[PDB]
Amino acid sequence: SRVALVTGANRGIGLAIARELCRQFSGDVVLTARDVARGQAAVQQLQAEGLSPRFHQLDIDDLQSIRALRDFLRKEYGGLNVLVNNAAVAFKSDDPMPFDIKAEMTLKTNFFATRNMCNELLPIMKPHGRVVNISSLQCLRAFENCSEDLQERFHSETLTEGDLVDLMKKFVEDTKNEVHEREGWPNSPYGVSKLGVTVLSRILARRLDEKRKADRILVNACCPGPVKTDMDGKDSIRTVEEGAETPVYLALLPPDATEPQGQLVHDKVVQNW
């Protein structure tokens, strides 16, 4: 009857979150991935541990994919109890691309797709459900690197979803027109995308409080914390599993909790910016 779901869950922190929900969540866990071969291999890996996740395909950049997942969840469970929006991209210099494309493709997944996930799936969230949007502490650095005018816009409690969408869209356009510095933006498309995820989280919490406060749904943004690099350049496995701690905490907040709501959370603590 109850069901939790994780996006981008075939490797990294998303896989660690899917594992921990299998251990800690009272209900089914749906591991999702855009690459079905990768997703099913991850499911088999957790099965080899003795766990029982379910699989569903999900590419958050594909609206038909989001809606197929939505339909599956309504049919099988009558909705959703826990949503962890973990899927993200960050393009390094080994993936050479012009800056305006880097900006466009980073915001496409991290912000616009995450937003589409929230809008398609929030209506099917059950009472006392939780939404966890994986952001990054880089979003703070990005905020600090905005002009004062932009900071005031992102910081304001009255900012609407539409205002936010338009600002994110503006970043991308400004990069296409080669004016993003003049316009007060920082240089990190990843940081800007995560700022968007953070602010979207505040907005979705206001919206839930407005339209359905008695459902007691909690939406928070989450920084899984600095991860540490190993000798071979990879994220060390322990710190990757440690990275699941705050997301899982936020996913499993007891039914009576009224806080954190719409907050940015790192190591179980609210980040004030």
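Each residue number is its position in the shown sequence, starting from 1.
Taking the mean C-alpha B-factor of each stretch as recorded, 65 to 73 and 238 to 246 are not equal, and the higher mean is that of 238 to 246.
Across the two stretches, 29 to 37 and 210 to 218, the PDB entry reports the greater mean Cα temperature factor for 210 to 218. Taking the PDB entry at face value, the top CA B factor among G191, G162, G129, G78 belongs to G78. Going by the entry's values, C223 shows the largest Cα B-factor out of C223, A42, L58, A205. Sorting the modelled residues of the chain by their CA temperature factor places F154 in the middle third. Looking at the C-alpha B-factors along this chain, the one for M105 belongs to the lowest third. Split the chain's modelled residues into thirds by C-alpha temperature factor. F111 is in the lowest one. For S1, the recorded CA B-factor ranks within the highest third of the chain. Only modelled residues enter the ranking.
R182 sits in the highest third of its chain by CA B factor, as recorded in the PDB entry.
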